[PDB]
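The file query_36.csv contains CSV, C-alpha atoms (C1' of nucleotides):
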chain,number,residue,atom,x,y,z
A,355,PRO,CA,25.6,60.0,17.3
A,356,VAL,CA,22.0,59.3,16.3
A,357,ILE,CA,21.0,55.9,14.9
A,358,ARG,CA,18.2,55.4,12.3
A,359,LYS,CA,15.8,52.7,13.6
A,360,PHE,CA,15.7,50.9,10.2
A,361,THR,CA,17.5,51.5,6.9
A,362,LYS,CA,16.4,51.7,3.2
A,363,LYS,CA,19.5,52.1,0.9
A,364,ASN,CA,18.6,49.9,-2.0
A,365,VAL,CA,15.9,52.5,-2.7
A,366,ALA,CA,15.8,53.8,-6.3
A,367,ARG,CA,14.2,57.2,-5.9
A,368,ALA,CA,12.8,58.4,-9.2
A,369,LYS,CA,13.6,62.0,-10.3
A,370,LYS,CA,10.0,63.1,-10.9
A,371,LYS,CA,8.5,66.4,-10.0
A,372,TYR,CA,5.7,67.3,-7.6
A,373,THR,CA,4.9,70.8,-9.1
A,374,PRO,CA,2.1,70.4,-11.6
A,375,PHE,CA,1.9,72.5,-14.7
A,376,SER,CA,-0.9,74.5,-13.0
A,377,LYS,CA,2.0,76.4,-11.2
A,378,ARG,CA,4.3,77.5,-13.9
A,379,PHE,CA,2.2,80.1,-15.7
A,380,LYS,CA,0.2,81.5,-12.8
A,381,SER,CA,-2.6,83.0,-14.9
A,382,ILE,CA,-5.1,82.2,-17.6
A,383,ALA,CA,-3.4,84.9,-19.8
A,384,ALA,CA,0.0,83.6,-18.8
A,385,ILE,CA,-0.1,80.3,-20.8
A,386,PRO,CA,1.5,79.5,-24.2
A,387,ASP,CA,0.1,77.1,-26.8
B,1,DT,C1',22.7,89.6,-7.3
B,2,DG,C1',23.9,84.4,-5.9
B,3,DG,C1',24.8,80.4,-3.4
B,4,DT,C1',22.8,77.3,0.7
B,5,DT,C1',19.7,75.5,4.0
B,6,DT,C1',15.1,74.0,5.6
B,7,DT,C1',10.8,71.8,5.0
B,8,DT,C1',7.4,68.8,2.4
B,9,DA,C1',5.3,65.3,-0.8
B,10,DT,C1',5.6,60.8,-2.2
B,11,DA,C1',6.9,56.4,-1.3
B,12,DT,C1',7.8,52.7,1.3
B,13,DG,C1',8.6,49.9,5.6
B,14,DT,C1',7.3,48.4,10.7
B,15,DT,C1',4.4,47.2,14.5
B,16,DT,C1',0.3,46.8,17.3
B,17,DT,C1',-4.6,46.0,17.7
B,18,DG,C1',-9.2,44.8,16.5
B,19,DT,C1',-13.1,42.6,13.1
B,20,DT,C1',-15.7,38.7,11.0
B,21,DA,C1',-16.8,33.9,9.7
B,22,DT,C1',-16.7,29.1,10.9
B,23,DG,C1',-16.8,23.9,12.4
B,24,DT,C1',-16.9,20.9,16.5
B,25,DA,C1',-18.1,19.7,21.3
B,26,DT,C1',-20.9,20.5,25.2
B,27,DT,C1',-25.1,21.3,27.1
B,28,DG,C1',-30.0,22.7,27.2
B,29,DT,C1',-35.3,21.6,25.8
B,30,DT,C1',-39.4,18.9,25.6
B,31,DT,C1',-41.8,14.7,26.9
B,32,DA,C1',-42.6,10.1,29.4
B,33,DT,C1',-41.7,6.9,33.6
B,34,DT,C1',-40.2,5.0,38.4
B,35,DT,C1',-38.5,5.4,43.2
B,36,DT,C1',-38.0,8.0,48.2
B,37,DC,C1',-38.7,9.2,52.3
B,38,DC,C1',-41.1,13.8,54.4
B,39,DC,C1',-45.9,15.2,55.9
B,40,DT,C1',-51.0,14.2,56.6
B,41,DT,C1',-54.4,11.2,59.0
B,42,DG,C1',-55.6,8.6,63.2
B,43,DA,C1',-56.2,5.6,67.0
B,44,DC,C1',-53.7,4.4,71.4
B,45,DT,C1',-51.7,6.1,75.9
B,46,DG,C1',-50.7,8.5,79.9
B,47,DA,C1',-51.1,12.4,83.2
B,48,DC,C1',-54.5,16.0,84.3
B,49,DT,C1',-57.8,18.5,87.0
B,50,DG,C1',-63.4,20.5,87.6
B,51,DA,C1',-67.8,19.2,90.3
B,52,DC,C1',-69.2,16.3,94.0
B,53,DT,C1',-68.3,14.6,98.7
B,54,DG,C1',-66.3,15.7,103.7
B,55,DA,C1',-65.2,19.2,107.5
B,56,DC,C1',-63.6,22.6,110.8
B,57,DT,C1',-63.0,26.3,113.4
B,58,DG,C1',-64.0,31.3,114.0
B,59,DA,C1',-68.3,34.9,114.4
B,60,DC,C1',-73.0,37.6,116.4
B,61,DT,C1',-77.3,36.7,119.5
B,62,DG,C1',-79.5,33.6,123.9
B,63,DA,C1',-78.4,37.3,127.3
B,64,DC,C1',-76.2,35.3,132.1
B,65,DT,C1',-74.0,36.1,136.2
B,66,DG,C1',-73.0,38.4,140.1
B,67,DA,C1',-70.8,41.9,142.3
B,68,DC,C1',-71.5,46.6,142.9
B,69,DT,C1',-73.7,50.7,143.0
B,70,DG,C1',-77.7,54.0,144.1
B,71,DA,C1',-81.9,55.9,146.8
B,72,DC,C1',-84.6,55.3,151.1
B,73,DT,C1',-85.0,55.0,155.8
B,74,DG,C1',-84.0,54.6,160.7
B,75,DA,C1',-80.3,55.1,164.6
B,76,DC,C1',-77.6,57.7,166.8
B,77,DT,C1',-74.6,61.5,168.6
B,78,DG,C1',-73.5,66.2,168.8
B,79,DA,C1',-75.1,71.0,169.3
B,80,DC,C1',-78.8,73.8,171.0
B,81,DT,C1',-81.6,75.3,174.5
B,82,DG,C1',-84.9,75.2,178.5
B,83,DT,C1',-85.6,73.7,183.6
B,84,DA,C1',-83.6,74.3,187.4
B,85,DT,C1',-80.9,75.8,191.7
B,86,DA,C1',-78.3,79.0,194.7
B,87,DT,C1',-77.0,83.5,196.8
B,88,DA,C1',-77.6,88.6,197.9
Structure encoded using structure tokens:
Amino acid sequence: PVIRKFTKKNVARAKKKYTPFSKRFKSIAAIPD
DNA sequence: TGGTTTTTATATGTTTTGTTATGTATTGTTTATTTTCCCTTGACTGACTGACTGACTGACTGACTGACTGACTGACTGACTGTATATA
């Protein structure tokens, strides 16, 4: 029923992440080398 | 435990509105010069109206005039009173 007011389909979205490394150890002691 | 949905970050697209610099044309600024009729300056012109010359008829003193009024005085008529006259 809805209509998008303007289309982007030839987009090529890149599979790249927004979570930095700062948020996959969660502590100073929690980090490997 | 385990699969699914909802929101968000990044990335891009869309549209409206407002900012700044500029080159060309119009018009203003200053200064010098000539013409136009409005506004001062003034004698001429025409009616005006103050002092001087005429004048005109009502007011108070000159009392006047003349009839009338007021005191005096004699004339006269009525009331008072004596001389007189008559009778017992």
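Pairwise distance (atom CA of residue A:374, atom CA of residue A:362) equals 27.8 Å.
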Review point. Of the residues B:35, B:27, B:14, B:51, which is the one nearest to residue A:360, using all atoms listed in the file?
Key: B:14
Review point. What residues in chain A lie within 12 Å of chain B, counting only C-alpha atoms (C1' of nucleotides), written as a ChimeraX atom specification?
Key: /A:359-373
Practice item. Tell me, in Å to one decimal, how far atom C1' of residue B:2 is from atom CA of residue A:386. Key: 29.3 Å
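Between atom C1' of residue B:7 and atom CA of residue A:356 lies a distance of 20.2 Å.
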How big is the axis-aligned box, and where does its centre sit, when it encloses all atoms of stretch 376-384 of chain A listed in the file and has 3 Å added on every side, reported in Å to one decimal as JSON?
{"center_x": -0.4, "center_y": 79.7, "center_z": -15.5, "size_x": 15.4, "size_y": 16.4, "size_z": 14.6}
